[PDB]
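Q: Here it is: the structure, laid out below.
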Amino acid sequence: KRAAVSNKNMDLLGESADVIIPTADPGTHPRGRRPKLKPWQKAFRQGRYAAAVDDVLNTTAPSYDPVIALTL
Amino acid sequence: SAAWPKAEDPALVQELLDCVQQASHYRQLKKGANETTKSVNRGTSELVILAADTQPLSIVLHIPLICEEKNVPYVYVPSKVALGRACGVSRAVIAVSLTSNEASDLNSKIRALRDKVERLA
Amino acid sequence: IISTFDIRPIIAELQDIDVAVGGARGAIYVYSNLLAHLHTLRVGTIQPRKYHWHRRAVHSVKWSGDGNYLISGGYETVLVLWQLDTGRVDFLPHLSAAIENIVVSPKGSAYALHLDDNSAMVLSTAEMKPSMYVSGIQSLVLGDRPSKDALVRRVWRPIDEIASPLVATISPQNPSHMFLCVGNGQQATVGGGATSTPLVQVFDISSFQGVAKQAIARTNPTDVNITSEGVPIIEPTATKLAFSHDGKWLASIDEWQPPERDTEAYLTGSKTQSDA
Amino acid sequence: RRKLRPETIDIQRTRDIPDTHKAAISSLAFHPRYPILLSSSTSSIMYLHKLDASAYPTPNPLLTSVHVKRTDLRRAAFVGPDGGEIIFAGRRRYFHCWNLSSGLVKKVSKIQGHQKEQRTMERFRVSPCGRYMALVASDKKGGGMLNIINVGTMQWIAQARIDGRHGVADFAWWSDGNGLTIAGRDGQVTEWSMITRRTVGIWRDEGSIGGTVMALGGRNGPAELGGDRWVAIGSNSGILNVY
Amino acid sequence: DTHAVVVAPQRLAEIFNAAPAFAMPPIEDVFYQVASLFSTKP
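Have a look at this one:
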């Protein structure tokens, strides 16, 4: 894939420009990768605790960590 | 009327037009009444599409006889000038007919298309 | 029970009205064609539409703007925009406390939110960043209107009560600034019976405005206010708190425990629930 | 300005707009009262120039050069008979209103229970009455829809749905504002009212395979279709009809 | 409001080169033909 303009040249352009409109929220991620959600968290937060606890407590899973378990 | 394998089904018609357009880019498609009839008599053809709304319909009524004889499917669209600028020539083709080759995805599309026409029958 | 209501007119005359009631049951009924339902012994059937979101008490339902949208503000810290032409509901979910009062601007462009913890922010509609903010001292209040949610004998009953001095201090090296412990809001804090003030605001004495806010204990503002049994969730509360001599350090201390109505199965011998 | 004769036209080339962009120009519009040109190019750049040939030391000065971060600017537009607002939208899932009066720049980001339908706000057109705005739902599937959003409060208030085979090519606001004409690919033309907010009528461009652009104008056309007169439809194949 | 007409010069030439000058139908007839072509009336 090839861009029209990459963000870097867009940034040079904004430096050249006069008034710069900051679209980014003042005080979240500038590149805009946010902290994304993990499934057990999403379940806990909505309120399906059975599924939340189980997805943590599968011990066969490669991401299995007791410290997650203790936090949940 | 006489246009008894009428195809008014909209997604069907759109697939037919697009297949014609692709075939026009593949040079495997003959534009016009006279040439359609030549192609079917020489047998090379594999499908033929006509237009219902010609004013004397009789100038295309001769095609279904031959194609019933030499056994190739035919089907009517409702709009001649649509067919024409589907070919891409700017003048309302009344009869287009598109033929076979050896190895082409376009040949496959033709086979599925004539299956759809035989469904419509 | 009618917790509140808001009218909307149907028009140099007034041709009909449609008036919306909101109830502490957790419901929002709307009435549609009132003037001709009632102007004409016998009258036809009437039936409110029922729009049900909250579990707690809706504090304030207002007709919107056009009259296309029905906005709502509740205990559960979340301002709902009922779509009312479809079935849908699109909503601003995370406020710092109970939405206590809203009003719709002259044009449809601004909302005013009296946030139950004694503040106010003006929004523009559909941009939802608060263009305006004014907060208050955020403390614990003997409130005059008793409640909106205490009408229907909830499991933990709300009592306007005070059980502790409001933990606070003044700052050396900045005497205009006072630190004081606070909860999500007043009502959510005093709810659950116990004090739940895991938060600090810093407030100015000279100009009695808000200055800032921060957390101390674990806070989940991002979360359901209510455990599924139907109870406000208590959140850890800092008993003592004092300031450093230079103005550079701040020591809080928090205590928390489970609820006696949770424990309930840890009873072994003479074990009681307060003990546990 | 003399009224114009039907085979030739006294066209005069003028001074170029001086500052060029850094990619292909994507949207133009003029301010509806003062001759001031909004250009807007993919390089995230909006230019306001004053139209002046005889200006000095540079003709057609640039009033301002406003950059927008992180987005492109596919379509900009003037809003309001008064030309109150400037509304611009790139590919990215939000868009912006710019109030020239007081110069505030509100960033609008939410479409009230269609937010999953619209993963882009690329195309849009504003009513000449300047109250409504129409966004297109990037969800093709047998038929495309365009949402109607009050610029009174930037709220969702309507969603016209037309049949197609790919969705909506283009559309235009009728000159009164009351309805809007939706030219969807495979040449369907819906005319969809606003006051009734249900489709008035359906008809067909005369057999064009894929409609790409339409637009609409003229005076003393039939009032119950809004009172616009000529309507132009442009195919993919290149043939362009006028009705 | 009305404007200047637009005609196909092939049409005008067709009108006249239809027939030779002698035994051409008379001038009032051909004038009605031509003005009817140039008529500004839908």
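Chains as they are written, first to last, in the authors' numbering: chain W, 385 to 456; chain S, 6 to 126; chain P, 289 to 299, 307 to 335, 341 to 576; chain X, 253 to 495; chain A, 915 to 956. Every residue, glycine too, gets a C-beta built ideally from N, C-alpha and C.
1. Select from P/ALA488, P/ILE516, P/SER507 the residue whose C-alpha is nearest the C-alpha of P/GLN501.
2. X/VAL318 versus chain W: which residues are under 9 Å apart at the beta carbon?
3. For P/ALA551 and chain X, any beta-carbon pair shorter than 8 Å?
4. For S/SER95, which residues in chain X fall below 8 Å Cβ to Cβ?
5. Using the Cα positions of W/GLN425 and X/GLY396, report the straight-line distance between them to the nearest angstrom.
6. State the start and end residues of the unbroken alpha helix (DSSP H) segment that holds P/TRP549.
7. For P/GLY317, list the residues DSSP reports as bridge partners.
8. I'd like the ranges of any beta strand (DSSP E) spanning at least 3 consecutive residues and lying wholly in the stretch 454 to 520 of chain P.
9. Considering only residues of the same chain and omitting the five flanking positions on each side of P/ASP311, which have a CB-CB separation below 7 Å?
10. List, in order along the chain, the chain S residues whose C-beta lies closer than 9 Å to that of X/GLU458?
11. Please say whether S/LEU70 and S/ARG119 have beta carbons closer to each other than 8 Å?
12. Given this structure, state the Cα-to-Cα distance separating W/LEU397 from X/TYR308, to the nearest angstrom.
13. Leaving out the 5 sequence neighbours to the left and right, which residues in its chain are closer than 7 Å to P/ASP385 when beta-carbon positions are compared?
14. Spatial neighbours of P/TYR324 within its chain, please: C-beta separation below 6 Å, excluding the five flanking residues on both sides.
15. Closest to P/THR522 by CA distance: which of P/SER496, P/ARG454, P/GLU376 is it?
16. Just by C-beta distance, which residues in the stretch 437 to 448 of chain X are closer than 7 Å to chain S?
17. Within the 8 Å Cβ cut-off, does W/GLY411 reach chain P?
18. According to DSSP, what are the bridge partners of S/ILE99?
19. What residues from chain X crowd round A/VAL920, counting only those whose CB sits closer than 9 Å?
20. From what residue to what residue does the beta strand (DSSP E) around X/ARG257 run?
21. CB-CB under 8 Å to S/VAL82, same chain, minus the five flanking residues each way: which ones, in chain order?
22. Going along the chain, which residues of the stretch 277 to 301 of chain X sit with their C-beta nearer than 7 Å to a C-beta in chain W?
23. Which same chain residues end up closer than 6 Å to P/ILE346 when comparing Cβ atoms and leaving out the 5 residues on each side of it in sequence?
24. Short of 6 Å in beta carbon distance, which residues of its chain neighbour residue 304 of chain P, apart from the five on each side in sequence? Order them along the chain.
25. Grab me the residues of W/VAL440's own chain with a C-beta within less than 7 Å of its C-beta, minus the 5 sequence neighbours each way, in chain order.
26. Going along chain X in order, which residues have a C-beta closer than 8 Å to the C-beta of P/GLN383?
27. Beta-carbon of X/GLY404 versus every beta-carbon of chain P: anything under 8 Å?
28. Check whether the stretch 553 to 572 of chain P and the stretch 286 to 297 of chain X touch, using three or more Cβ-Cβ pairs below 8 Å as the test.
29. Buried or exposed: where does P/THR495 fall if 16 or more other Cβ atoms within 10 Å of its Cβ makes it buried?
30. Looking at the unbroken alpha helix (DSSP H) that takes in P/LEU395, where does it start and where does it end?
31. Would you mind reading off the limits of the beta strand (DSSP E) that contains X/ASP422?
32. Mark A/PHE930 as exposed unless 16 or more other C-beta atoms lie within 10 angstroms of its C-beta, in which case mark it buried.
33. Using a Cβ cut-off of 7 Å, pull out every chain S residue sitting near X/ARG417, in sequence order please.
34. When you compare the CB positions of residue 3 of chain S and S/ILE64, do they come within less than 8 Å of one another, or not?
35. Between the Cα of X/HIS301 and the Cα atoms of X/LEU315, X/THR266, X/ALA329, X/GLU458, which residue gives the shortest distance?
36. Measuring alpha carbon to alpha carbon, tell me which residue in X/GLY419, X/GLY416, X/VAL420, X/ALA475 is nearest X/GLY429.
A: The relevant details are as follows:
1. Walking along the third sequence from the start, residue 501 of chain P turns up at place 201. Of P/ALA488, P/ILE516, P/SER507, the residue nearest in Cα terms is P/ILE516.
2. Here residue 318 of chain X corresponds to residue number 66 of the fourth sequence, with the count starting at 1. Simply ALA401, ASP402, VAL403, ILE404, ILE405.
3. Here residue 551 of chain P is taken as the residue at index 251 of the third sequence, counted from 1. Not one chain X Cβ lies under 8 Å of P/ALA551.
4. Within the second sequence, the letter at position 90 stands for residue 95 of chain S. Neighbours of S/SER95 on chain X, chain order: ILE491.
5. The residue labelled residue 425 of chain W in the question sits at position 41 within the first sequence. The residue labelled residue 396 of chain X in the question sits at position 144 within the fourth sequence. Distance between the alpha carbons of W/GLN425 and X/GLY396: 36 Å.
6. Locating residue 549 of chain P in the third sequence gives position 249, counting from the first residue. Unbroken run through P/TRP549: none, as it is neither H nor E.
7. Within the third sequence, residue 317 of chain P is the residue found at index 22, counting from 1. DSSP lists P/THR292, P/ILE323 as the bridge partner or partners of P/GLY317.
8. 468 to 471, 474 to 482, 499 to 504, 510 to 515
9. Position 16 of the third sequence, counted from the first residue, corresponds to residue 311 of chain P. Only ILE298, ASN328, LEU329, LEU330, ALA331 meet the Cβ criterion.
10. Along the fourth sequence, read from residue 1 onward, the residue named residue 458 of chain X stands at position 206. Going along chain S in sequence order, the residues near X/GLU458 (Cβ under 9 Å) are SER84, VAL86, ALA87.
11. For the purposes of this step, residue 119 of chain S is taken as the residue at position 114 of the second sequence. For the purposes of this step, residue 70 of chain S is taken as the residue at position 65 of the second sequence. No, the pair does not count as a contact, with Cβ atoms beyond the cut-off.
12. Counting from 1 along the first sequence, the entry for residue 397 of chain W is found at position 13. Counting from 1 along the fourth sequence, the entry for residue 308 of chain X is found at position 56. Rounded to whole angstroms, the gap between the alpha carbons of W/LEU397 and X/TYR308 is 26 Å.
13. As a working note, residue 385 of chain P is residue 85 in the third sequence. Correct list, in chain order: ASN368.
14. In the third sequence, residue 324 of chain P corresponds to position 29, counting from 1. Excluding residues within five positions, the ones whose Cβ falls inside 6 Å are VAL316, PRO348, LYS350.
15. For the purposes of this step, residue 522 of chain P is taken as the residue at position 222 of the third sequence. Out of P/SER496, P/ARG454, P/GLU376, P/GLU376 has the C-alpha closest to the C-alpha of P/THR522.
16. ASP438
17. For the purposes of this step, residue 411 of chain W is identified with residue 27 of the first sequence, where counting begins at 1. So, not an interface residue.
18. Along the second sequence, read from residue 1 onward, the residue named residue 99 of chain S stands at position 94. None; S/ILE99 has no bridge partner.
19. Within the fifth sequence, numbered from 1, the residue matching residue 920 of chain A stands at position 6. Neighbours of A/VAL920 on chain X, chain order: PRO258, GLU259.
20. The residue given as residue 257 of chain X occupies position 5 in the fourth sequence. Here X/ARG257 belongs to no beta strand (DSSP E), and DSSP marks it neither H nor E.
21. Residue mapping note: residue 82 of chain S aligns to position 77 of the second sequence, counting from 1. The answer, listed in chain order, is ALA12, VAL18, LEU21, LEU22, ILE54, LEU55, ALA56, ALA57, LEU88.
22. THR294, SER295, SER296, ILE297
23. What you label residue 346 of chain P is simply residue 46 of the third sequence in a count that begins at 1. Excluding sequence neighbours, P/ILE346 sits near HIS332.
24. The structure shown gives no position for residue 304 of chain P: in chain P, residue numbering passes from 299 to 307 with nothing in between.
25. Sequence index remark: in the first sequence, residue 440 of chain W carries index 56 (1-based). Apart from the 5 residues on each side of it in sequence, W/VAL440 sits with its Cβ closer than 7 Å to the Cβ of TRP424, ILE452, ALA453, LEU456 in its chain, given in chain order.
26. By 1-based counting over the third sequence, the position of residue 383 of chain P is 83. Those are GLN364, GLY365, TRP408, listed as they occur along chain X.
27. For the purposes of this step, residue 404 of chain X is taken as the residue at position 152 of the fourth sequence. For X/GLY404, the answer is yes, since a Cβ of chain P falls inside 8 Å of its Cβ.
28. no
29. Here residue 495 of chain P is taken as the residue at index 195 of the third sequence, counted from 1. That one is buried.
30. The count along the third sequence starts at 1 and reaches residue 395 of chain P at position 95. Segment: none, P/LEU395 is in no alpha helix (DSSP H) and carries neither H nor E.
31. Here residue 422 of chain X is taken as the residue at index 170 of the fourth sequence, counted from 1. Counting along the chain, the beta strand (DSSP E) containing X/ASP422 begins and ends at 420 to 425.
32. Residue 930 of chain A sits at position 16 when you count from the first residue of the fifth sequence. With fewer than 16 neighbouring CB atoms inside 10 Å of its own CB, A/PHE930 falls in the exposed class.
33. Your numbering for residue 417 of chain X matches position 165 in the fourth sequence. Near X/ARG417 (Cβ distances below 7 Å), the residues of chain S are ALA16, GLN19.
34. The structure shown does not extend to residue 3 of chain S, since chain S is modelled only from 6 to 126, so the question has no answer here.
35. To locate residue 301 of chain X, count along the fourth sequence from 1; it is residue 49. If we check each option's Cα against that of X/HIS301, X/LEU315 comes out closest.
36. Locating residue 429 of chain X in the fourth sequence gives position 177, counting from the first residue. For X/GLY429, the nearest C-alpha among the options comes from X/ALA475.
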